[PDB]
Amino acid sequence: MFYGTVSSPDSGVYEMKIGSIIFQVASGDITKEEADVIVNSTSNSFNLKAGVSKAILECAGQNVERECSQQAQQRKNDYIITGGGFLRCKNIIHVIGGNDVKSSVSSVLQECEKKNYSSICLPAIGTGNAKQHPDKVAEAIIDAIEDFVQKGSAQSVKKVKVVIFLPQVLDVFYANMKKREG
């Protein structure tokens, strides 16, 4: 109903269409990417500095760390939106790694439409300190994008890329894409 064909447009990058969105996966350091939004997978206190969250907070800088702690004390947040600091993005969206991954991705997509953004880059949310299983995480990320497209909600969002630290996790995402392909 929505899925195109899986191919490789560049070395180490794999892609397929999901409605009007191009969905891509690759392995690398997410802090070197450029996108309108970069997603951080963190703790419910928004101050985890371990694995991909360490890299994101160190690169983003102390003003972003300060933004995170200020918002965390103000209210009970499922996720937080901050500036990009010294990352190459307009905003960072900090999601809780232990939360339902489909719900977290749905929220990121809706916030990006609100800002008329076109590109998103995310890690394999929940596979680090939260220790969620990689194929459940891949299934949830892709399901969220399918639902967003099915509801007619994709207008400004055109590109969603997962940059994955461990090559063995990339292999799981590629197999999930092949399961779905048209």
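We number the residues from 1 along the sequence you see.
**Student:** On mean Cα temperature factor in this entry, is 94 to 102 or 75 to 83 the higher one?
**Tutor:** The stretch with the larger mean CA B-factor is 75 to 83.
**Student:** Take the C-alpha B-factors listed in the entry for 65 to 73 and for 36 to 44, compute each mean, and give the stretch with the larger one.
**Tutor:** The stretch with the larger average C-alpha B-factor is 65 to 73.
**Student:** Highest recorded C-alpha temperature factor, please, choosing from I120, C59, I30, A138.
**Tutor:** So the option with the highest C-alpha B-factor is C59.
**Student:** Classify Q24 as lowest, middle or highest third according to the C-alpha B-factor given in the PDB entry, relative to its own chain.
**Tutor:** Lowest third.
**Student:** Based on the deposited C-alpha B factors for this chain, I'd like to know if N116 is in the lowest, middle or highest third.
**Tutor:** Bottom third by C-alpha B-factor.
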